[PDB]
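Trainee: Here you go, entry24.txt (compact mmCIF, C-alpha atoms):
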# COMPACT_ATOMS: atom_id res chain seq x y z
CA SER A 428 28.56 47.29 99.78
CA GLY A 429 31.45 49.37 101.10
CA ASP A 430 31.71 47.13 104.17
CA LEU A 431 32.79 44.20 101.99
CA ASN A 432 35.25 46.37 100.06
CA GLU A 433 36.66 47.58 103.37
CA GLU A 434 37.04 43.99 104.55
CA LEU A 435 38.78 42.91 101.33
CA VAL A 436 41.16 45.87 101.36
CA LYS A 437 41.95 45.45 105.05
CA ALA A 438 42.61 41.72 104.72
CA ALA A 439 44.86 42.45 101.75
CA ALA A 440 46.75 45.16 103.66
CA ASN A 441 47.20 42.82 106.66
CA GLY A 442 48.06 39.67 104.70
CA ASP A 443 44.97 37.63 105.63
CA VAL A 444 45.24 35.27 102.68
CA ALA A 445 42.44 33.02 104.01
CA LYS A 446 40.01 35.93 104.46
CA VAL A 447 40.84 37.29 101.00
CA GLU A 448 40.24 33.84 99.47
CA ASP A 449 36.86 33.51 101.20
CA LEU A 450 35.91 37.03 100.08
CA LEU A 451 36.86 36.44 96.46
CA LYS A 452 34.59 33.38 96.53
CA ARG A 453 31.58 35.80 96.81
CA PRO A 454 29.53 37.52 94.06
CA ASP A 455 28.94 40.67 96.15
CA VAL A 456 32.68 41.39 96.58
CA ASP A 457 34.30 43.91 94.19
CA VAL A 458 37.92 43.06 93.45
CA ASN A 459 38.33 46.62 92.11
CA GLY A 460 36.52 48.21 95.04
CA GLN A 461 38.06 51.23 96.71
CA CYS A 462 37.86 51.75 100.46
CA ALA A 463 38.82 55.40 101.07
CA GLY A 464 40.12 55.41 97.50
CA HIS A 465 42.52 52.55 98.30
CA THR A 466 42.22 49.27 96.41
CA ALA A 467 43.30 45.84 97.57
CA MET A 468 46.02 45.72 94.91
CA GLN A 469 47.53 48.97 96.18
CA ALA A 470 47.34 47.75 99.80
CA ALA A 471 48.95 44.37 99.13
CA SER A 472 51.62 46.00 96.95
CA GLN A 473 52.51 48.61 99.54
CA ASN A 474 52.73 46.02 102.31
CA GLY A 475 54.57 43.27 100.44
CA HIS A 476 51.89 40.55 100.43
CA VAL A 477 52.90 38.79 97.21
CA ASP A 478 50.54 35.87 97.79
CA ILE A 479 47.51 38.11 98.17
CA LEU A 480 48.69 39.94 95.04
CA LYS A 481 48.79 36.66 93.12
CA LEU A 482 45.26 35.76 94.21
CA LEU A 483 44.11 39.22 93.09
CA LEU A 484 45.82 38.80 89.73
CA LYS A 485 43.86 35.56 89.27
CA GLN A 486 40.64 37.62 89.51
CA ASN A 487 41.08 39.86 86.42
CA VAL A 488 41.81 42.92 88.46
CA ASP A 489 42.55 46.30 86.90
CA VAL A 490 46.29 46.63 87.30
CA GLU A 491 46.69 50.19 85.92
CA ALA A 492 44.24 51.78 88.38
CA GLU A 493 45.23 55.12 89.91
CA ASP A 494 44.26 56.67 93.22
CA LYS A 495 43.59 60.35 93.88
CA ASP A 496 47.32 61.15 93.40
CA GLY A 497 47.77 58.97 90.31
CA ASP A 498 49.60 56.24 92.22
CA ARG A 499 49.13 52.76 90.82
CA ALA A 500 50.08 49.42 92.33
CA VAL A 501 53.65 49.87 91.08
CA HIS A 502 53.95 53.23 92.86
CA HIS A 503 52.62 51.78 96.14
CA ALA A 504 55.06 48.86 95.87
CA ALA A 505 57.77 51.51 95.68
CA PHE A 506 56.59 52.69 99.10
CA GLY A 507 57.86 49.29 100.31
CA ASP A 508 61.06 47.31 100.17
CA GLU A 509 59.78 44.07 98.57
CA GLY A 510 61.14 43.59 95.07
CA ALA A 511 59.06 40.43 94.73
CA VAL A 512 56.05 42.76 94.39
CA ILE A 513 57.76 44.34 91.39
CA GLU A 514 58.31 40.91 89.89
CA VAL A 515 54.69 39.86 90.38
CA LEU A 516 53.30 43.13 89.00
CA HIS A 517 55.67 42.88 86.03
CA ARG A 518 54.50 39.36 85.30
CA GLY A 519 50.94 40.81 85.47
CA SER A 520 51.91 43.24 82.65
CA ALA A 521 51.91 46.34 84.83
CA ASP A 522 53.64 49.38 83.35
CA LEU A 523 56.75 50.00 85.44
CA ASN A 524 57.13 53.48 83.86
CA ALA A 525 53.73 54.89 84.87
CA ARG A 526 53.47 58.51 85.99
CA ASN A 527 51.49 59.70 88.97
CA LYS A 528 50.15 63.26 89.26
CA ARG A 529 53.62 64.63 90.06
CA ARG A 530 54.90 62.69 87.02
CA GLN A 531 57.00 60.42 89.25
CA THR A 532 57.81 56.92 88.08
CA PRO A 533 57.99 54.09 90.61
CA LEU A 534 61.79 54.44 90.37
CA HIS A 535 61.45 58.03 91.61
CA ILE A 536 59.54 56.96 94.72
CA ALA A 537 61.83 54.01 95.42
CA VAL A 538 64.83 56.36 95.22
CA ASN A 539 63.13 58.93 97.45
CA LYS A 540 62.29 56.34 100.08
CA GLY A 541 65.71 54.67 100.01
CA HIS A 542 64.56 51.18 99.00
CA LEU A 543 67.61 49.72 97.29
CA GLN A 544 66.25 46.27 96.38
CA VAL A 545 63.12 47.69 94.73
CA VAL A 546 65.23 50.28 92.87
CA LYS A 547 67.44 47.47 91.60
CA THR A 548 64.51 45.21 90.69
CA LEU A 549 62.91 48.06 88.72
CA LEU A 550 66.20 48.70 86.91
CA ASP A 551 66.69 45.00 86.15
CA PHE A 552 63.24 44.85 84.56
CA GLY A 553 64.26 47.59 82.12
CA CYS A 554 62.48 50.64 83.52
CA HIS A 555 63.87 53.91 82.13
CA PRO A 556 66.39 55.31 84.65
CA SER A 557 66.29 59.05 83.77
CA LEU A 558 62.66 60.15 83.35
CA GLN A 559 61.63 63.55 84.65
CA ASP A 560 58.99 64.57 87.16
CA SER A 561 56.90 67.75 87.34
CA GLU A 562 59.94 69.67 88.61
CA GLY A 563 62.22 68.28 85.90
CA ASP A 564 64.01 66.04 88.44
CA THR A 565 65.40 62.64 87.47
CA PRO A 566 66.00 59.73 89.87
CA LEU A 567 69.64 60.88 90.03
CA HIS A 568 68.54 64.32 91.25
CA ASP A 569 66.35 62.64 93.88
CA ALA A 570 69.18 60.33 94.97
CA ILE A 571 71.44 63.34 95.41
CA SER A 572 68.77 65.29 97.33
CA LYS A 573 68.02 62.51 99.80
CA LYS A 574 71.66 61.48 100.16
CA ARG A 575 71.09 57.96 98.84
CA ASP A 576 74.68 57.26 97.85
CA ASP A 577 74.35 53.50 97.27
CA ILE A 578 71.19 54.04 95.20
CA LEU A 579 72.98 56.76 93.22
CA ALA A 580 75.82 54.36 92.36
CA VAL A 581 73.26 51.68 91.37
CA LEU A 582 71.34 54.11 89.12
CA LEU A 583 74.57 55.18 87.44
CA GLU A 584 75.40 51.53 86.72
CA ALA A 585 72.02 51.25 84.98
CA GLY A 586 72.89 54.18 82.77
CA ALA A 587 71.13 57.03 84.56
CA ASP A 588 72.10 60.14 82.60
CA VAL A 589 74.09 62.83 84.41
CA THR A 590 73.42 65.50 81.71
CA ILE A 591 69.64 66.01 81.96
CA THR A 592 68.77 69.33 83.60
CA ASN A 593 65.81 69.88 85.91
CA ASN A 594 63.42 72.85 85.38
CA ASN A 595 65.88 75.04 87.30
CA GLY A 596 68.56 74.06 84.74
CA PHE A 597 70.79 71.97 87.05
CA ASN A 598 72.18 68.67 85.72
CA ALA A 599 73.29 65.97 88.19
CA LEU A 600 76.72 67.54 88.78
CA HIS A 601 75.37 71.07 89.17
CA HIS A 602 72.80 69.72 91.61
CA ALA A 603 75.36 67.83 93.70
CA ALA A 604 77.46 71.01 93.83
CA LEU A 605 74.59 73.22 94.93
CA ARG A 606 73.59 70.72 97.59
CA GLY A 607 77.15 70.34 98.82
CA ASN A 608 77.07 66.56 98.35
CA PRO A 609 80.72 65.29 98.29
CA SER A 610 80.05 61.54 98.20
CA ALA A 611 77.49 61.89 95.43
CA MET A 612 80.00 63.99 93.48
CA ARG A 613 82.67 61.29 93.95
CA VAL A 614 80.43 58.65 92.32
CA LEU A 615 79.22 61.03 89.57
CA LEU A 616 82.82 61.92 88.63
CA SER A 617 83.63 58.22 88.44
CA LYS A 618 80.78 57.69 85.96
CA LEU A 619 81.22 60.42 83.38
CA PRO A 620 80.20 59.35 79.85
CA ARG A 621 82.69 61.97 78.55
CA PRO A 622 85.34 64.04 80.41
CA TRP A 623 84.20 67.53 79.36
CA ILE A 624 80.82 67.04 81.05
CA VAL A 625 82.62 68.30 84.15
CA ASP A 626 82.78 71.77 82.50
CA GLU A 627 79.19 71.94 81.25
CA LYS A 628 77.53 75.31 81.78
CA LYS A 629 74.11 76.23 83.00
CA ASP A 630 72.34 78.95 81.00
CA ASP A 631 73.79 81.60 83.34
CA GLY A 632 77.21 80.13 82.50
CA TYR A 633 77.72 78.57 85.93
CA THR A 634 79.68 75.34 86.02
CA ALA A 635 79.53 72.86 88.90
CA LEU A 636 82.82 74.38 90.10
CA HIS A 637 81.27 77.86 90.15
CA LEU A 638 78.43 76.46 92.28
CA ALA A 639 80.82 74.74 94.71
CA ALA A 640 83.03 77.81 95.14
CA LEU A 641 80.09 80.15 95.52
CA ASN A 642 78.53 78.03 98.30
CA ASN A 643 81.77 77.11 100.10
CA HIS A 644 81.72 73.35 99.46
CA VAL A 645 85.40 72.54 99.86
CA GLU A 646 85.32 68.80 99.36
CA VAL A 647 82.98 69.02 96.34
CA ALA A 648 85.41 71.56 94.91
CA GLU A 649 88.46 69.36 95.64
CA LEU A 650 86.78 66.46 93.83
CA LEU A 651 85.86 68.59 90.82
CA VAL A 652 89.39 69.97 90.62
CA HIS A 653 91.48 66.91 91.29
CA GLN A 654 89.18 63.97 90.41
CA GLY A 655 87.20 65.70 87.65
CA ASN A 656 90.04 67.79 86.16
CA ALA A 657 87.57 70.65 86.03
CA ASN A 658 88.71 73.63 83.99
CA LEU A 659 89.68 76.23 86.59
CA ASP A 660 89.32 79.30 84.38
CA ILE A 661 85.86 79.04 82.76
CA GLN A 662 83.86 82.26 83.02
CA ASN A 663 80.14 82.51 83.64
CA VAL A 664 77.96 84.97 81.72
CA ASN A 665 79.19 87.73 84.09
CA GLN A 666 82.73 86.67 83.06
CA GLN A 667 83.51 85.66 86.63
CA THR A 668 85.73 82.69 87.27
CA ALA A 669 85.22 80.45 90.26
CA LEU A 670 88.07 82.35 91.88
CA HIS A 671 86.08 85.57 91.53
CA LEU A 672 83.10 83.97 93.28
CA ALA A 673 85.25 82.49 96.06
CA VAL A 674 86.88 85.88 96.72
CA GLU A 675 83.56 87.76 96.65
CA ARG A 676 82.11 85.53 99.34
CA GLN A 677 85.42 85.34 101.27
CA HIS A 678 85.68 81.54 101.14
CA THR A 679 89.39 81.35 101.97
CA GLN A 680 89.75 77.55 101.68
CA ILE A 681 88.26 77.72 98.19
CA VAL A 682 90.65 80.55 97.35
CA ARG A 683 93.57 78.37 98.49
CA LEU A 684 92.36 75.32 96.62
CA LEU A 685 91.94 77.21 93.36
CA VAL A 686 95.23 79.08 93.58
CA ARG A 687 97.31 76.06 94.57
CA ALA A 688 95.67 74.07 91.80
CA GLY A 689 96.97 76.65 89.28
CA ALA A 690 94.03 79.03 88.80
CA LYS A 691 94.82 82.03 86.61
CA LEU A 692 94.71 85.12 88.81
CA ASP A 693 94.36 88.12 86.48
CA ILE A 694 91.19 87.22 84.57
CA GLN A 695 88.80 90.17 84.47
CA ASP A 696 85.02 90.16 84.88
CA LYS A 697 82.40 92.27 83.07
CA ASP A 698 83.43 95.32 85.15
CA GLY A 699 87.14 94.68 84.44
CA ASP A 700 87.92 93.51 88.00
CA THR A 701 90.34 90.75 88.90
CA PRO A 702 89.97 88.68 92.11
CA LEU A 703 92.50 91.03 93.75
CA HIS A 704 90.30 94.03 92.90
CA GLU A 705 87.40 92.37 94.70
CA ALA A 706 89.31 91.36 97.83
CA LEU A 707 90.68 94.89 98.23
CA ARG A 708 87.21 96.32 97.56
CA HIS A 709 85.75 94.15 100.31
CA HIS A 710 88.50 95.18 102.72
CA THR A 711 87.90 98.87 102.05
CA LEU A 712 84.14 98.50 102.38
CA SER A 713 84.55 96.85 105.78
CA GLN A 714 86.77 99.76 106.81
CA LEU A 715 84.17 102.24 105.57
CA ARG A 716 81.40 100.56 107.49
CA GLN A 717 83.54 100.56 110.64
CA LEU A 718 84.31 104.27 110.37
CA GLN A 719 80.66 104.86 109.53
CA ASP A 720 79.38 103.06 112.61
CA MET A 721 81.91 104.77 114.88
CA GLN A 722 80.57 108.08 113.48
CA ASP A 723 76.87 107.32 113.86
CA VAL A 724 74.41 107.13 116.77
CA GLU A 748 86.00 90.15 107.96
CA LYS A 749 88.39 92.97 107.05
CA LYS A 750 91.18 90.73 108.35
CA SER A 751 89.95 87.94 106.05
CA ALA A 752 89.80 90.22 103.00
CA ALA A 753 93.32 91.51 103.72
CA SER A 754 94.54 87.95 104.12
CA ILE A 755 93.03 86.87 100.80
CA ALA A 756 94.52 89.90 99.05
CA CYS A 757 97.99 89.13 100.38
CA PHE A 758 97.66 85.49 99.35
CA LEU A 759 96.75 86.53 95.79
CA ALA A 760 99.69 88.94 95.67
CA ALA A 761 102.16 86.39 97.08
CA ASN A 762 101.08 83.98 94.37
CA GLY A 763 101.61 86.43 91.47
CA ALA A 764 98.41 88.52 91.14
CA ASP A 765 99.11 91.63 89.07
CA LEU A 766 99.03 94.81 91.13
CA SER A 767 98.46 97.16 88.18
CA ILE A 768 95.60 95.74 86.04
CA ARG A 769 92.99 98.45 85.47
CA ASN A 770 89.22 97.86 85.40
CA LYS A 771 86.72 99.85 83.31
CA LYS A 772 86.70 102.74 85.78
CA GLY A 773 90.46 102.78 85.19
CA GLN A 774 91.43 101.93 88.75
CA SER A 775 94.15 99.44 89.64
CA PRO A 776 93.78 97.03 92.58
CA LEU A 777 95.79 99.42 94.76
CA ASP A 778 93.41 102.21 93.74
CA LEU A 779 90.72 100.26 95.57
CA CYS A 780 92.83 100.04 98.75
CA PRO A 781 93.41 103.35 100.59
CA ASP A 782 94.88 101.45 103.54
CA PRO A 783 98.63 102.26 103.25
CA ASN A 784 99.77 99.38 105.41
CA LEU A 785 97.89 96.88 103.30
CA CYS A 786 99.42 98.31 100.13
CA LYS A 787 102.84 98.04 101.74
CA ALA A 788 102.12 94.42 102.67
CA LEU A 789 100.98 93.58 99.13
CA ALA A 790 104.13 95.08 97.64
CA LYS A 791 106.36 93.29 100.17
CA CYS A 792 104.88 89.84 99.43
CA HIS A 793 105.13 90.11 95.65
CA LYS A 794 107.52 89.42 92.77
For the file at hand, write its structure as C-alpha cells.

Mentor:
Amino acid sequence: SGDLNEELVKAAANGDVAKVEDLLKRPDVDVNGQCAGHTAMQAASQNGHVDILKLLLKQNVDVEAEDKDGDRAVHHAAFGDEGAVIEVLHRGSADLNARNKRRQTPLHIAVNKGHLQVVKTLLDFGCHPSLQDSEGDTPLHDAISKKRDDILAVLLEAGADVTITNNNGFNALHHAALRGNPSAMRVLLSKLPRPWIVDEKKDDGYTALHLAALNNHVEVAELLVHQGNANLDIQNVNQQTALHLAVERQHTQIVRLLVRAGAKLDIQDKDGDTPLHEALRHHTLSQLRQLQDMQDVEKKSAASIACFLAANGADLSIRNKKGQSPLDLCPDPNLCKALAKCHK
C-alpha cells in the first residue's frame, strides 16, 4: 500500500509526530517503505525532526538503508543543519563513515553544504576527517572549493590531513593555490604538521608556489613566501622556478614579490634559459607580431620585467643551449641600452 508509505514519509518530512504515531500503530504500515525511493528515516533526518526519528528508531527500522544514490540517513542529515540528528543516528548505531555512490562521507556533504554544526558534531563523534571521494577529494579539498573558511579551520583542528592528494595529484595546499584561495591558504599554513610540507611537489614537480605564480594569485603567493617560508628556488620537472613561470605569463606583481623576497635570478630551465631570457624573448615576439601585422592584409610589460630583472642583478651573459645570451634574444637596441644602464 504505497498510499500509506507516502503518508508516513510525508508526515515524517513535515514533522507530524501525531500522524506518524498513529501510522506506526497499524499493521499495514511499512516503517521501511519507500515513497519515490525516499524513506521516512531519510525524510526526518534531512528535515531535522529528531522526535520523529526517535519514534522510528523504536520500530526496528533499517538504519543503513541507501537510496538510488547510496545516501543513507546520515547523508540526508548532512543536507541539514541539525546536529541533534547526528547524535540520534549515532546512538542508533548508524555508521557515520558510510559512502554513497560518489564515495562521499556525511562529512563531505556537510562541508559542501556549509553546515558548520553538523560538521563539528560529526567530527566530535570520531568520524574520519580525511577520507576520499570518487575524485580523490577530501573534506579539506571540498572546504577549499566551496570557500568554507570556518569549516576548513574546524576540520584542521580535528586533524584533517593536508598531504593527501586528489586523483589530479593536488594536496590541500596545491589545491588552494590553483583555486586562488588566500584565506584558506592562511589557515592551512597555520596548521602544517611539518614545515617542509610547504615545498612538497606534485608529480610534475610543481609546488604550491609554482601554481600560485603561474595563475597570478598574488596574496596566495605572499602567504606562501612570507607565512610559509616557501623555498623560492625549487624547480619543477621542466627545471623552471616559480620566477620562470611568473615571467612567462607576464605576472609583474609575482615577479616583484619573488625578486624582492630574494629569488635567485640566473637559474636555467631545461632549454638553458633564465627568467631574463624569457622576458626578452616575449618582448621580441611581440615586436615580431606587430611588424607582421603591419605587413599583412604587452611588449611594454615584457620590457619592464626585463629591466627589473637587470636592475636587481640578473646576469646579462648567461648562454642557453642554443648558445645565445639574453641580449641575443633582444634585437631592440634601445632595450639593450636600457638593460645595460640599469645594471651593476

Trainee: Using only C-alpha atoms, list the residues that have an atom at most 10 Å from (87.4, 91.3, 86.4), coordinates as in the file, as a PyMOL selection string.

Mentor: chain A and resi 665-668+671+692-705+768-771

Trainee: Next, dump the selected residues to file, keeping only C-alpha atoms, as a PDB file, in the frame of the given file.

Mentor:
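Contents of the output file out21.pdb:
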ATOM      1  CA  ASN A 665      79.190  87.730  84.090  1.00  0.00           C
ATOM      2  CA  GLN A 666      82.730  86.670  83.060  1.00  0.00           C
ATOM      3  CA  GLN A 667      83.510  85.660  86.630  1.00  0.00           C
ATOM      4  CA  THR A 668      85.730  82.690  87.270  1.00  0.00           C
ATOM      5  CA  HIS A 671      86.080  85.570  91.530  1.00  0.00           C
ATOM      6  CA  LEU A 692      94.710  85.120  88.810  1.00  0.00           C
ATOM      7  CA  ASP A 693      94.360  88.120  86.480  1.00  0.00           C
ATOM      8  CA  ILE A 694      91.190  87.220  84.570  1.00  0.00           C
ATOM      9  CA  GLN A 695      88.800  90.170  84.470  1.00  0.00           C
ATOM     10  CA  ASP A 696      85.020  90.160  84.880  1.00  0.00           C
ATOM     11  CA  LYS A 697      82.400  92.270  83.070  1.00  0.00           C
ATOM     12  CA  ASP A 698      83.430  95.320  85.150  1.00  0.00           C
ATOM     13  CA  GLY A 699      87.140  94.680  84.440  1.00  0.00           C
ATOM     14  CA  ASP A 700      87.920  93.510  88.000  1.00  0.00           C
ATOM     15  CA  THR A 701      90.340  90.750  88.900  1.00  0.00           C
ATOM     16  CA  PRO A 702      89.970  88.680  92.110  1.00  0.00           C
ATOM     17  CA  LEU A 703      92.500  91.030  93.750  1.00  0.00           C
ATOM     18  CA  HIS A 704      90.300  94.030  92.900  1.00  0.00           C
ATOM     19  CA  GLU A 705      87.400  92.370  94.700  1.00  0.00           C
ATOM     20  CA  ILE A 768      95.600  95.740  86.040  1.00  0.00           C
ATOM     21  CA  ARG A 769      92.990  98.450  85.470  1.00  0.00           C
ATOM     22  CA  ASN A 770      89.220  97.860  85.400  1.00  0.00           C
ATOM     23  CA  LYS A 771      86.720  99.850  83.310  1.00  0.00           C
TER      24      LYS A 771
END

Trainee: Between atom CA of residue A:507 and atom CA of residue A:473, what is the spacing in Å?

Mentor: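 Going from atom CA of residue A:473 over to atom CA of residue A:507 covers 5.4 Å.
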
Trainee: Provide the atom CA of residue A:628 to atom CA of residue A:568 distance in Å, to one decimal place.

Mentor: 17.1 Å

Trainee: I want to know what sits within 9 Å of residue A:559, based on all atoms listed in the file, with residues of the same chain fewer than 5 positions away left out; could you give that as a ChimeraX atom specification?

Mentor: /A:530-532,535,564-566,591,593

Trainee: So the first atom is atom CA of residue A:689 and the second is atom CA of residue A:772; what is the distance between them in Å, to one decimal place?

Mentor: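 Distance between the two atoms: 28.3 Å.
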
Trainee: Give me the residues within 9 Å of residue A:664 as a list in words, counting only C-alpha atoms and dropping any in the same chain fewer than 4 places off.

Mentor: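 So the residues in contact are residues 630, 631, 632, 633 and 697 of chain A.
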
Trainee: Give me the residues within 7 Å of stretch 519-522 of chain A as a PDB file with C-alpha atoms, in the frame of the given file, counting only C-alpha atoms and dropping any in the same chain fewer than 3 places off.

Mentor:
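The new file result.pdb reads:
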ATOM      1  CA  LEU A 484      45.820  38.800  89.730  1.00  0.00           C
ATOM      2  CA  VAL A 490      46.290  46.630  87.300  1.00  0.00           C
ATOM      3  CA  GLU A 491      46.690  50.190  85.920  1.00  0.00           C
ATOM      4  CA  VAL A 515      54.690  39.860  90.380  1.00  0.00           C
ATOM      5  CA  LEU A 516      53.300  43.130  89.000  1.00  0.00           C
ATOM      6  CA  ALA A 525      53.730  54.890  84.870  1.00  0.00           C
TER       7      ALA A 525
END

Trainee: Which residues come within 10 Å of residue A:685, counting all atoms listed in the file, excluding same-chain residues fewer than 6 positions away, as a PDB file with C-alpha atoms, keeping the file's coordinate frame?

Mentor:
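Once everything was written out, this is around.pdb:
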ATOM      1  CA  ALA A 640      83.030  77.810  95.140  1.00  0.00           C
ATOM      2  CA  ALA A 648      85.410  71.560  94.910  1.00  0.00           C
ATOM      3  CA  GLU A 649      88.460  69.360  95.640  1.00  0.00           C
ATOM      4  CA  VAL A 652      89.390  69.970  90.620  1.00  0.00           C
ATOM      5  CA  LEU A 659      89.680  76.230  86.590  1.00  0.00           C
ATOM      6  CA  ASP A 660      89.320  79.300  84.380  1.00  0.00           C
ATOM      7  CA  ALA A 669      85.220  80.450  90.260  1.00  0.00           C
ATOM      8  CA  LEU A 670      88.070  82.350  91.880  1.00  0.00           C
ATOM      9  CA  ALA A 673      85.250  82.490  96.060  1.00  0.00           C
ATOM     10  CA  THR A 679      89.390  81.350 101.970  1.00  0.00           C
ATOM     11  CA  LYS A 691      94.820  82.030  86.610  1.00  0.00           C
ATOM     12  CA  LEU A 692      94.710  85.120  88.810  1.00  0.00           C
TER      13      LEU A 692
END

Trainee: Name the residues in contact with residue A:646 at a cut-off of 10 Å, using only C-alpha atoms, excluding same-chain residues fewer than 4 positions from it; report them as a list in words.

Mentor: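 Using only C-alpha atoms, the neighbours found are residues 604, 607, 608, 609, 610, 612, 613, 639, 650, 651, 652, 681 and 684 of chain A.
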
Trainee: Restricting the calculation to all atoms listed in the file, which member of A:774, A:617, A:474, A:461 is positioned closest to residue A:494?

Mentor: A:461

Trainee: Which of these, A:780, A:450, A:581, A:549, has the shortest distance to residue A:432 once you count only C-alpha atoms?

Mentor: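 Once distances to residue A:432 are computed over only C-alpha atoms, the minimum belongs to A:450.
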
Trainee: Kindly indicate which residue among A:471, A:753, A:500, A:789 lies nearest to residue A:526, using all atoms listed in the file for the distances.

Mentor: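 Of A:471, A:753, A:500, A:789, the one nearest residue A:526, counting all atoms listed in the file, is A:500.
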
Trainee: So, counting all atoms listed in the file, which residue among A:603, A:533, A:562, A:528 is closest to residue A:502?

Mentor: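 For residue A:502, the nearest of the candidates is A:533.
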
Trainee: Just give me the residues with any atom within 8 Å of (78.2, 55.3, 82.9), file coordinates, counting all atoms listed in the file, written as a PyMOL selection string.

Mentor: chain A and resi 583-588+618-620

Trainee: Pick out the closest residue to residue A:451 from this set: A:634, A:472, A:487, A:767. Count only C-alpha atoms.

Mentor: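 That would be A:487, the residue with the smallest distance to residue A:451.
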